[PDB]
Amino acid sequence: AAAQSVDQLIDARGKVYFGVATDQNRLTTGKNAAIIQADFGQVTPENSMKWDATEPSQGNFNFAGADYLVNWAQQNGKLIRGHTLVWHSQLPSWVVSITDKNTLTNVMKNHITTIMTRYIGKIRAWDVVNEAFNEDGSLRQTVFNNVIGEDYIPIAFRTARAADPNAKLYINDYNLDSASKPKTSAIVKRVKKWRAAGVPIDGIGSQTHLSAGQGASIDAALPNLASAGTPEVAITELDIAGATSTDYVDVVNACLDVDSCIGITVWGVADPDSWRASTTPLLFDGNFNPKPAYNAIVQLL
């Protein structure tokens with residue numbers, strides 16, 4: 001663990017948290033738990049709350065992993081972001097094979113309601129719909145869009161609000177890093193339209209999986225996302241190829257400049273455990289020591 005907590009420092013600047021993705025497999029190995037306890041104030045389950053993990057067979061739920069994380073976070077005073085109710089990836093075959101609208105709508109609502117109810121009042125925010133947009137700004141043609149239609153989004157949010165009215169409901173996506181990107185403009189436009197129609201969308205999550213030198217672009221992209229009018233915006237799965245301090249400080253600054261940005265979550269603790277470990281994109285190295293970017297974020301805060 002680093003002696004200085006990026007979480008406590010960002011809290012002092014008026015933000016809610018600086019967190020990280022994790023799960024039981026990480027918390028029970030290496031120095032992961034000690035680092036999270038000392039330096040971060042929020043956790044997102046990396047995989048334990050996904051559909052394949054929680055409902056592997058229709059109606060036969062599995063909460064072992066998710067329960068471990070929620071209990072661990074509560075005991076350790078860490079906020080929790082529930083990660084992902086409706087998504088086309090890590091989706092069991094039994095769901096994807098359904099072609100009937102009514103059958104899929106009930107399956108989707110039952111999945112959302114069951115998971116949100118089990119942890120009602122303990123989860124700060126949920127990524128209700130994940131990666132619903134194509135790169136051109138059109139809606140991604142997943143089983144949900146194809147079978148239920150465009151209304152699957154409003155239905156998912158309505159159901160989630162009813163399940164736990166205490167949770168902030170987010171739509172999460174990636175490649176929202178440049179203000180000029182077709183996807184960035186589309187999600188801002190669509191979220192304004194959905195909110196105008198009464199859809200309960202509290203936040204826009206920007207994954208922020210960056211390439212080296214891209215951090216400067218989020219200084220302009222984040223204010224644009226905040227213009228959709230949602231109560232909150234957040235950097236949800238930050239990592240940057242090469243991990244330069246310039247890119248990391250720019251992302252932190254973008255959040256400080258935007259009042260509605262409530263916090264940042266980095267996607268993992270140590271480099272070798274990253275989904276793209278080859279790029280060494282995280283704040284702690286393979287020996288669990290803080291990298292120059294960690295210290296640069298501390299000094300900036």
# chains A, B, ... in the order shown; residues from 1 in each chain; ligands from 1
$ select_by_dssp --residues "region 19-129 of chain A" --states "alpha helix (DSSP H)" --output "PDB file with C-alpha atoms, in the first residue's frame"
ATOM      1  CA  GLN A  24     -12.849 -12.433  -4.106  1.00  0.00           C
ATOM      2  CA  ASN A  25     -10.038 -13.938  -6.177  1.00  0.00           C
ATOM      3  CA  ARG A  26      -7.982 -10.726  -5.829  1.00  0.00           C
ATOM      4  CA  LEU A  27      -8.943  -9.916  -2.242  1.00  0.00           C
ATOM      5  CA  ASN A  32      -4.646  -6.440  -3.052  1.00  0.00           C
ATOM      6  CA  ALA A  33      -6.755  -6.197   0.124  1.00  0.00           C
ATOM      7  CA  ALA A  34      -4.230  -4.073   2.046  1.00  0.00           C
ATOM      8  CA  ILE A  35      -3.841  -1.653  -0.905  1.00  0.00           C
ATOM      9  CA  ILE A  36      -7.603  -1.244  -1.283  1.00  0.00           C
ATOM     10  CA  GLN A  37      -8.057  -0.779   2.472  1.00  0.00           C
ATOM     11  CA  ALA A  38      -5.376   1.911   2.676  1.00  0.00           C
ATOM     12  CA  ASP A  39      -5.627   3.836  -0.604  1.00  0.00           C
ATOM     13  CA  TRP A  51     -25.100 -12.401 -15.650  1.00  0.00           C
ATOM     14  CA  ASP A  52     -22.992 -15.528 -16.296  1.00  0.00           C
ATOM     15  CA  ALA A  53     -21.841 -15.508 -12.677  1.00  0.00           C
ATOM     16  CA  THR A  54     -25.165 -14.729 -10.972  1.00  0.00           C
ATOM     17  CA  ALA A  64     -21.380 -16.514  -3.428  1.00  0.00           C
ATOM     18  CA  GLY A  65     -18.838 -14.215  -5.076  1.00  0.00           C
ATOM     19  CA  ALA A  66     -21.013 -11.116  -5.023  1.00  0.00           C
ATOM     20  CA  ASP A  67     -21.939 -11.697  -1.337  1.00  0.00           C
ATOM     21  CA  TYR A  68     -18.248 -11.943  -0.405  1.00  0.00           C
ATOM     22  CA  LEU A  69     -17.450  -8.610  -2.058  1.00  0.00           C
ATOM     23  CA  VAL A  70     -20.447  -6.703  -0.603  1.00  0.00           C
ATOM     24  CA  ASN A  71     -19.763  -8.005   2.946  1.00  0.00           C
ATOM     25  CA  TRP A  72     -16.008  -7.237   2.611  1.00  0.00           C
ATOM     26  CA  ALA A  73     -16.717  -3.673   1.340  1.00  0.00           C
ATOM     27  CA  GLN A  74     -19.218  -2.974   4.122  1.00  0.00           C
ATOM     28  CA  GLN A  75     -16.897  -4.208   6.859  1.00  0.00           C
ATOM     29  CA  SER A  93     -26.734 -19.137 -23.920  1.00  0.00           C
ATOM     30  CA  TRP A  94     -30.146 -19.748 -22.402  1.00  0.00           C
ATOM     31  CA  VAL A  95     -30.768 -15.985 -22.472  1.00  0.00           C
ATOM     32  CA  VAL A  96     -29.408 -15.402 -25.956  1.00  0.00           C
ATOM     33  CA  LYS A 101     -40.470 -10.579 -26.547  1.00  0.00           C
ATOM     34  CA  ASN A 102     -42.615 -11.316 -23.479  1.00  0.00           C
ATOM     35  CA  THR A 103     -40.386 -14.178 -22.299  1.00  0.00           C
ATOM     36  CA  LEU A 104     -37.201 -12.022 -22.609  1.00  0.00           C
ATOM     37  CA  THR A 105     -38.783  -8.942 -20.971  1.00  0.00           C
ATOM     38  CA  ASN A 106     -39.772 -10.998 -17.863  1.00  0.00           C
ATOM     39  CA  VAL A 107     -36.383 -12.747 -17.752  1.00  0.00           C
ATOM     40  CA  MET A 108     -34.615  -9.356 -17.897  1.00  0.00           C
ATOM     41  CA  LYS A 109     -36.850  -7.776 -15.228  1.00  0.00           C
ATOM     42  CA  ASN A 110     -36.506 -10.827 -12.933  1.00  0.00           C
ATOM     43  CA  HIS A 111     -32.694 -10.719 -13.287  1.00  0.00           C
ATOM     44  CA  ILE A 112     -32.546  -6.988 -12.411  1.00  0.00           C
ATOM     45  CA  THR A 113     -35.041  -7.168  -9.546  1.00  0.00           C
ATOM     46  CA  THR A 114     -33.495 -10.243  -7.947  1.00  0.00           C
ATOM     47  CA  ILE A 115     -29.944  -8.872  -7.849  1.00  0.00           C
ATOM     48  CA  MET A 116     -30.900  -5.328  -6.809  1.00  0.00           C
ATOM     49  CA  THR A 117     -33.240  -6.534  -4.080  1.00  0.00           C
ATOM     50  CA  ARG A 118     -30.685  -8.789  -2.461  1.00  0.00           C
TER      51      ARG A 118
END
$ residues_around --residues "residue 149 (chain A)" --least-positions-apart "4" --cutoff "12 Å" --atoms "only C-alpha atoms" --output "PyMOL selection string"
chain A and resi 99-102+104-105+139-145+153-156
$ closest_residue --among "A:250, A:239, A:46, A:151" --to "residue 280 (chain A)" --atoms "only C-alpha atoms"
A:239
$ residues_around --residues "residue 168 (chain A)" --least-positions-apart "4" --cutoff "9 Å" --atoms "only C-alpha atoms" --output "ChimeraX atom specification"
/A:123-127,161,201-203,232
$ select_by_dssp --residues "region 44-291 of chain A" --states "strand (DSSP E)" --output "ChimeraX atom specification"
/A:44-45,79-86,125-130,168-173,203-206,209-210,232-240,261-266
$ closest_residue --among "A:277, A:251, A:21, A:204" --to "residue 43 (chain A)" --atoms "only C-alpha atoms"
A:21
$ residues_around --residues "residue 264 (chain A)" --least-positions-apart "6" --cutoff "10 Å" --atoms "only C-alpha atoms" --output "PyMOL selection string"
chain A and resi 7+10+15-20+42+205-208+233-238+251-252+255
$ write_last_selection --atoms "N, CA, C and O atoms" --output "PDB file, in the first residue's frame"
ATOM      1  N   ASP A   7      -7.847   8.355  -2.346  1.00  0.00           N
ATOM      2  CA  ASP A   7      -9.262   8.492  -1.975  1.00  0.00           C
ATOM      3  C   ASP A   7      -9.491   9.660  -0.994  1.00  0.00           C
ATOM      4  O   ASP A   7     -10.357  10.516  -1.205  1.00  0.00           O
ATOM      5  N   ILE A  10      -8.847  13.033  -2.718  1.00  0.00           N
ATOM      6  CA  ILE A  10      -9.890  13.514  -3.612  1.00  0.00           C
ATOM      7  C   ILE A  10     -11.137  13.907  -2.803  1.00  0.00           C
ATOM      8  O   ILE A  10     -11.879  14.797  -3.184  1.00  0.00           O
ATOM      9  N   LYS A  15     -14.817  15.511  -3.747  1.00  0.00           N
ATOM     10  CA  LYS A  15     -15.363  14.412  -4.551  1.00  0.00           C
ATOM     11  C   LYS A  15     -15.801  13.297  -3.600  1.00  0.00           C
ATOM     12  O   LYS A  15     -15.515  13.364  -2.392  1.00  0.00           O
ATOM     13  N   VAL A  16     -16.497  12.297  -4.137  1.00  0.00           N
ATOM     14  CA  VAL A  16     -17.023  11.198  -3.339  1.00  0.00           C
ATOM     15  C   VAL A  16     -16.072  10.042  -3.109  1.00  0.00           C
ATOM     16  O   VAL A  16     -16.035   9.485  -2.023  1.00  0.00           O
ATOM     17  N   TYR A  17     -15.306   9.677  -4.126  1.00  0.00           N
ATOM     18  CA  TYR A  17     -14.394   8.547  -3.992  1.00  0.00           C
ATOM     19  C   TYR A  17     -13.374   8.421  -5.122  1.00  0.00           C
ATOM     20  O   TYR A  17     -13.535   9.004  -6.200  1.00  0.00           O
ATOM     21  N   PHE A  18     -12.367   7.596  -4.854  1.00  0.00           N
ATOM     22  CA  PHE A  18     -11.371   7.188  -5.826  1.00  0.00           C
ATOM     23  C   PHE A  18     -11.337   5.678  -5.524  1.00  0.00           C
ATOM     24  O   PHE A  18     -10.934   5.286  -4.422  1.00  0.00           O
ATOM     25  N   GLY A  19     -11.823   4.859  -6.460  1.00  0.00           N
ATOM     26  CA  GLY A  19     -11.893   3.423  -6.240  1.00  0.00           C
ATOM     27  C   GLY A  19     -11.227   2.511  -7.243  1.00  0.00           C
ATOM     28  O   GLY A  19     -10.554   2.966  -8.166  1.00  0.00           O
ATOM     29  N   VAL A  20     -11.505   1.214  -7.123  1.00  0.00           N
ATOM     30  CA  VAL A  20     -10.878   0.212  -7.978  1.00  0.00           C
ATOM     31  C   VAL A  20     -11.781  -1.008  -8.196  1.00  0.00           C
ATOM     32  O   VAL A  20     -12.712  -1.245  -7.420  1.00  0.00           O
ATOM     33  N   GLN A  42     -13.672   2.843  -2.717  1.00  0.00           N
ATOM     34  CA  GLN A  42     -14.795   2.303  -3.470  1.00  0.00           C
ATOM     35  C   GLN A  42     -14.349   1.096  -4.282  1.00  0.00           C
ATOM     36  O   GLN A  42     -13.197   1.033  -4.722  1.00  0.00           O
ATOM     37  N   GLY A 205     -21.721   6.784 -17.141  1.00  0.00           N
ATOM     38  CA  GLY A 205     -20.408   6.286 -16.767  1.00  0.00           C
ATOM     39  C   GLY A 205     -19.514   6.258 -18.005  1.00  0.00           C
ATOM     40  O   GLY A 205     -19.927   5.771 -19.063  1.00  0.00           O
ATOM     41  N   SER A 206     -18.304   6.790 -17.905  1.00  0.00           N
ATOM     42  CA  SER A 206     -17.374   6.766 -19.043  1.00  0.00           C
ATOM     43  C   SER A 206     -16.250   5.830 -18.621  1.00  0.00           C
ATOM     44  O   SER A 206     -15.515   6.123 -17.685  1.00  0.00           O
ATOM     45  N   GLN A 207     -16.133   4.695 -19.300  1.00  0.00           N
ATOM     46  CA  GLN A 207     -15.131   3.687 -18.954  1.00  0.00           C
ATOM     47  C   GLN A 207     -13.705   4.242 -18.969  1.00  0.00           C
ATOM     48  O   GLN A 207     -12.945   3.982 -18.058  1.00  0.00           O
ATOM     49  N   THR A 208     -13.365   5.019 -19.997  1.00  0.00           N
ATOM     50  CA  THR A 208     -12.044   5.649 -20.089  1.00  0.00           C
ATOM     51  C   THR A 208     -10.849   4.677 -20.184  1.00  0.00           C
ATOM     52  O   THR A 208      -9.898   4.750 -19.400  1.00  0.00           O
ATOM     53  N   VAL A 233     -21.823  12.088 -13.191  1.00  0.00           N
ATOM     54  CA  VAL A 233     -21.031  11.542 -14.268  1.00  0.00           C
ATOM     55  C   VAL A 233     -19.883  10.908 -13.478  1.00  0.00           C
ATOM     56  O   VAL A 233     -19.650  11.278 -12.313  1.00  0.00           O
ATOM     57  N   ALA A 234     -19.217   9.913 -14.053  1.00  0.00           N
ATOM     58  CA  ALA A 234     -18.107   9.250 -13.372  1.00  0.00           C
ATOM     59  C   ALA A 234     -17.195   8.571 -14.366  1.00  0.00           C
ATOM     60  O   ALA A 234     -17.625   8.194 -15.464  1.00  0.00           O
ATOM     61  N   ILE A 235     -15.928   8.448 -13.990  1.00  0.00           N
ATOM     62  CA  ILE A 235     -14.938   7.745 -14.798  1.00  0.00           C
ATOM     63  C   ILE A 235     -15.028   6.363 -14.137  1.00  0.00           C
ATOM     64  O   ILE A 235     -14.639   6.193 -12.993  1.00  0.00           O
ATOM     65  N   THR A 236     -15.489   5.371 -14.879  1.00  0.00           N
ATOM     66  CA  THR A 236     -15.734   4.046 -14.302  1.00  0.00           C
ATOM     67  C   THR A 236     -14.738   2.888 -14.411  1.00  0.00           C
ATOM     68  O   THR A 236     -14.779   1.988 -13.580  1.00  0.00           O
ATOM     69  N   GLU A 237     -13.882   2.856 -15.432  1.00  0.00           N
ATOM     70  CA  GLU A 237     -12.960   1.733 -15.588  1.00  0.00           C
ATOM     71  C   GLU A 237     -11.631   2.233 -16.191  1.00  0.00           C
ATOM     72  O   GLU A 237     -11.105   1.679 -17.171  1.00  0.00           O
ATOM     73  N   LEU A 238     -11.102   3.275 -15.573  1.00  0.00           N
ATOM     74  CA  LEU A 238      -9.874   3.914 -16.021  1.00  0.00           C
ATOM     75  C   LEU A 238      -8.643   3.043 -16.047  1.00  0.00           C
ATOM     76  O   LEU A 238      -8.331   2.317 -15.095  1.00  0.00           O
ATOM     77  N   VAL A 251      -6.843  13.103 -16.607  1.00  0.00           N
ATOM     78  CA  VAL A 251      -8.148  12.510 -16.311  1.00  0.00           C
ATOM     79  C   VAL A 251      -8.621  12.960 -14.928  1.00  0.00           C
ATOM     80  O   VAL A 251      -9.767  13.343 -14.756  1.00  0.00           O
ATOM     81  N   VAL A 252      -7.734  12.929 -13.948  1.00  0.00           N
ATOM     82  CA  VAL A 252      -8.089  13.390 -12.614  1.00  0.00           C
ATOM     83  C   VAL A 252      -8.562  14.856 -12.689  1.00  0.00           C
ATOM     84  O   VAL A 252      -9.606  15.210 -12.115  1.00  0.00           O
ATOM     85  N   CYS A 255     -12.046  15.474 -14.038  1.00  0.00           N
ATOM     86  CA  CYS A 255     -13.065  15.207 -13.029  1.00  0.00           C
ATOM     87  C   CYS A 255     -13.156  16.375 -12.027  1.00  0.00           C
ATOM     88  O   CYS A 255     -14.255  16.806 -11.679  1.00  0.00           O
TER      89      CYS A 255
END
$ closest_residue --among "A:138, A:130, A:253, A:60" --to "residue 90 (chain A)" --atoms "only C-alpha atoms"
A:130
$ atom_distance --atom1 "CA of residue 225 (chain A)" --atom2 "CA of residue 186 (chain A)"
10.2 Å
$ atom_distance --atom1 "CA of residue 174 (chain A)" --atom2 "CA of residue 230 (chain A)"
17.4 Å
$ residues_around --residues "region 241-249 of chain A" --least-positions-apart "4" --cutoff "8 Å" --atoms "only C-alpha atoms" --output "PyMOL selection string"
chain A and resi 210-216+253+279-283+292-294+296-297+300
$ write_last_selection --atoms "N, CA and C atoms" --output "PDB file, in the first residue's frame"
ATOM      1  N   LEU A 210      -7.987   4.278 -22.028  1.00  0.00           N
ATOM      2  CA  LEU A 210      -7.194   5.133 -22.918  1.00  0.00           C
ATOM      3  C   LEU A 210      -5.916   4.578 -23.499  1.00  0.00           C
ATOM      4  N   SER A 211      -5.496   5.214 -24.580  1.00  0.00           N
ATOM      5  CA  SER A 211      -4.242   4.895 -25.215  1.00  0.00           C
ATOM      6  C   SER A 211      -3.316   6.028 -24.776  1.00  0.00           C
ATOM      7  N   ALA A 212      -2.013   5.785 -24.843  1.00  0.00           N
ATOM      8  CA  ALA A 212      -1.034   6.803 -24.458  1.00  0.00           C
ATOM      9  C   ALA A 212      -1.213   8.137 -25.210  1.00  0.00           C
ATOM     10  N   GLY A 213      -1.296   9.226 -24.439  1.00  0.00           N
ATOM     11  CA  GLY A 213      -1.454  10.558 -24.998  1.00  0.00           C
ATOM     12  C   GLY A 213      -2.883  11.022 -25.149  1.00  0.00           C
ATOM     13  N   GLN A 214      -3.820  10.143 -24.825  1.00  0.00           N
ATOM     14  CA  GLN A 214      -5.237  10.459 -24.978  1.00  0.00           C
ATOM     15  C   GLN A 214      -5.901  11.223 -23.823  1.00  0.00           C
ATOM     16  N   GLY A 215      -5.221  11.282 -22.690  1.00  0.00           N
ATOM     17  CA  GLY A 215      -5.746  11.951 -21.503  1.00  0.00           C
ATOM     18  C   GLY A 215      -6.170  13.393 -21.702  1.00  0.00           C
ATOM     19  N   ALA A 216      -5.411  14.115 -22.529  1.00  0.00           N
ATOM     20  CA  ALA A 216      -5.709  15.512 -22.805  1.00  0.00           C
ATOM     21  C   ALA A 216      -7.131  15.689 -23.372  1.00  0.00           C
ATOM     22  N   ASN A 253      -7.824  15.697 -13.431  1.00  0.00           N
ATOM     23  CA  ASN A 253      -8.158  17.127 -13.549  1.00  0.00           C
ATOM     24  C   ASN A 253      -9.504  17.353 -14.231  1.00  0.00           C
ATOM     25  N   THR A 279       0.207  -3.874 -21.540  1.00  0.00           N
ATOM     26  CA  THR A 279       0.395  -2.435 -21.632  1.00  0.00           C
ATOM     27  C   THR A 279       0.711  -1.777 -20.287  1.00  0.00           C
ATOM     28  N   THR A 280       0.750  -2.602 -19.185  1.00  0.00           N
ATOM     29  CA  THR A 280       1.124  -2.064 -17.868  1.00  0.00           C
ATOM     30  C   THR A 280       0.362  -0.749 -17.662  1.00  0.00           C
ATOM     31  N   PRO A 281      -0.944  -0.754 -17.774  1.00  0.00           N
ATOM     32  CA  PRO A 281      -1.790   0.441 -17.668  1.00  0.00           C
ATOM     33  C   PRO A 281      -2.309   0.891 -16.299  1.00  0.00           C
ATOM     34  N   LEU A 282      -1.912   0.214 -15.231  1.00  0.00           N
ATOM     35  CA  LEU A 282      -2.424   0.527 -13.889  1.00  0.00           C
ATOM     36  C   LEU A 282      -1.483   1.352 -13.009  1.00  0.00           C
ATOM     37  N   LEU A 283      -1.902   1.647 -11.778  1.00  0.00           N
ATOM     38  CA  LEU A 283      -1.124   2.485 -10.858  1.00  0.00           C
ATOM     39  C   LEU A 283      -0.124   1.778  -9.962  1.00  0.00           C
ATOM     40  N   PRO A 292       5.025   5.891 -10.667  1.00  0.00           N
ATOM     41  CA  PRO A 292       5.128   7.362 -10.739  1.00  0.00           C
ATOM     42  C   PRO A 292       3.784   8.081 -10.920  1.00  0.00           C
ATOM     43  N   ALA A 293       2.875   7.488 -11.702  1.00  0.00           N
ATOM     44  CA  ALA A 293       1.549   8.077 -11.924  1.00  0.00           C
ATOM     45  C   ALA A 293       0.744   8.173 -10.624  1.00  0.00           C
ATOM     46  N   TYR A 294       0.899   7.200  -9.723  1.00  0.00           N
ATOM     47  CA  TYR A 294       0.174   7.248  -8.446  1.00  0.00           C
ATOM     48  C   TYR A 294       0.636   8.504  -7.686  1.00  0.00           C
ATOM     49  N   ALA A 296       2.131  11.143  -8.859  1.00  0.00           N
ATOM     50  CA  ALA A 296       1.773  12.373  -9.584  1.00  0.00           C
ATOM     51  C   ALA A 296       0.330  12.780  -9.289  1.00  0.00           C
ATOM     52  N   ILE A 297      -0.553  11.786  -9.136  1.00  0.00           N
ATOM     53  CA  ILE A 297      -1.961  12.070  -8.821  1.00  0.00           C
ATOM     54  C   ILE A 297      -2.032  12.600  -7.395  1.00  0.00           C
ATOM     55  N   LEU A 300      -0.808  16.234  -7.315  1.00  0.00           N
ATOM     56  CA  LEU A 300      -1.805  17.084  -7.972  1.00  0.00           C
ATOM     57  C   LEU A 300      -3.006  17.364  -7.059  1.00  0.00           C
TER      58      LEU A 300
END
$ atom_distance --atom1 "CA of residue 80 (chain A)" --atom2 "CA of residue 45 (chain A)"
8.2 Å
$ closest_residue --among "A:86, A:30, A:192, A:91" --to "residue 288 (chain A)" --atoms "only C-alpha atoms"
A:30
$ decode --residues "region 227-284 of chain A" --atoms "C-alpha atoms" --output "short mmCIF file (atom, residue, chain, number, x, y, z; two decimals), in the first residue's frame"
data_model
loop_
_atom_site.label_atom_id
_atom_site.label_comp_id
_atom_site.auth_asym_id
_atom_site.auth_seq_id
_atom_site.Cartn_x
_atom_site.Cartn_y
_atom_site.Cartn_z
CA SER A 227 -24.07 18.65 -20.49
CA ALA A 228 -26.68 15.84 -20.83
CA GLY A 229 -28.01 17.04 -17.47
CA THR A 230 -27.64 13.84 -15.40
CA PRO A 231 -27.08 14.43 -11.63
CA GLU A 232 -23.76 12.57 -11.89
CA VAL A 233 -21.03 11.54 -14.27
CA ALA A 234 -18.11 9.25 -13.37
CA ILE A 235 -14.94 7.74 -14.80
CA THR A 236 -15.73 4.05 -14.30
CA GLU A 237 -12.96 1.73 -15.59
CA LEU A 238 -9.87 3.91 -16.02
CA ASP A 239 -6.66 2.46 -17.33
CA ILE A 240 -4.14 3.89 -19.75
CA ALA A 241 -1.66 2.07 -21.97
CA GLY A 242 1.82 2.91 -20.68
CA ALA A 243 0.42 4.53 -17.54
CA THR A 244 2.04 7.96 -18.09
CA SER A 245 1.48 10.45 -15.27
CA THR A 246 0.51 13.09 -17.85
CA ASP A 247 -2.48 11.01 -19.01
CA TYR A 248 -3.52 10.07 -15.47
CA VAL A 249 -3.27 13.66 -14.10
CA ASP A 250 -5.31 14.96 -17.05
CA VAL A 251 -8.15 12.51 -16.31
CA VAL A 252 -8.09 13.39 -12.61
CA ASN A 253 -8.16 17.13 -13.55
CA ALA A 254 -11.05 16.65 -15.94
CA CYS A 255 -13.07 15.21 -13.03
CA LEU A 256 -12.03 18.08 -10.70
CA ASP A 257 -13.15 20.61 -13.33
CA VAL A 258 -16.61 19.04 -13.69
CA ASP A 259 -18.87 19.54 -10.70
CA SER A 260 -21.09 16.54 -11.47
CA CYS A 261 -18.14 14.08 -11.77
CA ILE A 262 -18.37 12.24 -8.47
CA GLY A 263 -15.35 10.01 -8.62
CA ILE A 264 -13.01 7.72 -10.49
CA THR A 265 -12.61 3.95 -10.53
CA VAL A 266 -9.43 2.42 -11.90
CA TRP A 267 -9.82 -1.01 -13.51
CA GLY A 268 -7.57 -3.11 -11.32
CA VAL A 269 -4.82 -2.74 -8.76
CA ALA A 270 -1.59 -4.29 -10.13
CA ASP A 271 -0.41 -4.45 -13.74
CA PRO A 272 -0.23 -8.24 -14.25
CA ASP A 273 -3.90 -8.59 -13.21
CA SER A 274 -5.09 -6.14 -15.87
CA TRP A 275 -7.28 -7.34 -18.73
CA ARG A 276 -4.53 -5.80 -20.91
CA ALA A 277 -1.51 -6.51 -18.70
CA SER A 278 0.90 -6.22 -21.64
CA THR A 279 0.40 -2.44 -21.63
CA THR A 280 1.12 -2.06 -17.87
CA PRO A 281 -1.79 0.44 -17.67
CA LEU A 282 -2.42 0.53 -13.89
CA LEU A 283 -1.12 2.49 -10.86
CA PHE A 284 0.69 -0.37 -9.08
#
